[PDB]
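Structure, as structure tokens:
No value in this document is a laboratory result; all are computed from the given coordinates. Neighbour counts run over all protein chains shown; Cβ positions are idealised from the backbone, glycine included.
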Amino acid sequence: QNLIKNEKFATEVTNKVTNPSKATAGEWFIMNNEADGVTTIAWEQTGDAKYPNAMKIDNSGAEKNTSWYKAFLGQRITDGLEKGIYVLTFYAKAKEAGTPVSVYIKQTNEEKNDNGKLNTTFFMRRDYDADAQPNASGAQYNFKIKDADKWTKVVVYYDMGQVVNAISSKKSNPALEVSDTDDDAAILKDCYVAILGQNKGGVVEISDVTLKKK
Ligand code: NA
């Protein structure tokens with residue numbers, strides 16, 4: 001089954017939270033902790049019969065790319081995931097050719113480490129290889145939308161059986177660790193999908209989202 005609810009945005013989404021820990025599971029939420037005026041994330045009816053409702057992430061107001069932890073479309077999942085492989089799929093439309101759209105799947109309620117900083121725990125994108133991809137995130141997947149004004153399939157596999165302890169690249173972060181997810185890991189019981197379009201000036205629309213065990 002699709003684990004994402006309101007997958008085609010047939011129900012209007014307006015709920016904003018200031019932290020995913022406050023989001024009601026099984027619903028979409030809007031995270032926009034960027035400064036007032038930087039981005040607008042909102043529900044829309046598109047006029048396109050194939051994707052008639054969508055979320056629009058509009059970075060027209062941005063002077064800089066937006067932050068991974070500040071501005072995104074999210075959905076918290078508390079149904080209890082299995083250690084296994086999952087596919088996340090959706091359709092996206094960009095105002096400008098080449099605009100990226102992005103994904104990560106993060107633990108909702110993190111503990112702090114010995115040094116007082118919140119952990120950042122993510123499921124590993126399945127194709128991550130730290131040796132071959134020293135400059136890439138192991139958590140966040142990015143896909144360039146090649147054409148403007150065209151609904152485009154976005155597909156990424158995640159391994160819920162592996163986690164990474166940072167969103168940063170291996171080269172940038174000697175503390176980065178990939179590990180096997182514990183059977184009792186908190187992330188399996190309470191996580192959220194984040195869909196983002198961070199580029200300054202870009203406008204990305206999102207519709208028809210699926211998360212499925214494969
Ligand atoms: Na705004």
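Give me the net charge for the shell around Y141: Cβ to Cβ below 9 angstrom, other residues only, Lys and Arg +1, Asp and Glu -1. Before the final figure, lay out each step's value.
Numbers: positive: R125; negative: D127.
Taking every Cβ under 9 Å from that of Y141, the sum is 0.
How long is the gain from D182 to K150 if the chain were fully straight, where each residue apart is worth 0.36 nm and the alpha carbon distance is subtracted?
Extending this stretch completely gives an extra 7.5 nm.
What's the exposure ranking of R126, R76, going from fewest to most Cβ atoms within 10 Å?
Arranged by neighbour count, lowest to highest, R126, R76 become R126, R76.
Under a Cβ-Cβ cut-off of 14 Å, what is the net charge of the residues other than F9 that fall near it, where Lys and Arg count +1 and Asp and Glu count -1?
Summing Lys/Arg as +1 and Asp/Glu as -1 gives -2.
Taking the Cα centre of segment 86-175 as the origin, how large is its charge dipole in debye, to the nearest 20, when only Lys and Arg (+1) and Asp and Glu (-1) carry charge on their Cβ atoms? Please list the in-between numbers first.
Details: 13 positive and 10 negative charges, 61 e Å.
Roughly 300 debye for segment 86-175.
Using the Karplus equation 6.51 cos²θ - 1.76 cosθ + 1.60 (θ = phi - 60°), what ³J(HN,Hα) coupling, rounded to whole Hz, does each residue of segment 63-74 give in order, writing x for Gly and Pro?
Once rounded to whole Hz, the list reads 8, 8, 4, 7, 7, 4, 9, 10, 9, 6, 8, x.
Taking the Cβ of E205 as the centre, find all other residues whose Cβ is under 14 Å away and add up their charges (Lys, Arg: +1; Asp, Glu: -1).
0
State, as an integer percentage, the relative contact order of the chain based on alpha-carbon contacts under 8 Å between residues 6 or more apart.
Relative CO of the chain lands at 32 percent.
Based on the mean of other beta carbon atoms within 10 Å per residue, what is the order of 111-120, 47-56, 193-202, most packed first?
Details: 111-120: 9.3, 47-56: 15.1, 193-202: 21.8.
Descending packing order for the listed peptides: 193-202, 47-56, 111-120.
For the chain, with only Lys/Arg (+1) and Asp/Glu (-1) charged at the beta-carbon, what is the dipole magnitude about the Cα centre, in debye rounded to 20?
That gives a dipole near 420 debye.
With a point put 7 Å past each Cα toward its Cβ, work out how far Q45 is from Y157 in nm, to one decimal.
The modelled label-to-label distance comes out at 4.0 nm.
Using the count of nearby Cβ atoms within 10 Å as a rough guide to exposure, how do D184, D149 rank from fewest to most?
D184, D149
Among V204, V178, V163, which one moves the most in a GNM of the chain with springs linking Cα atoms closer than 10 Å?
Among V204, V178, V163, the largest mean-square fluctuation in the Gaussian network model of the chain belongs to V178.
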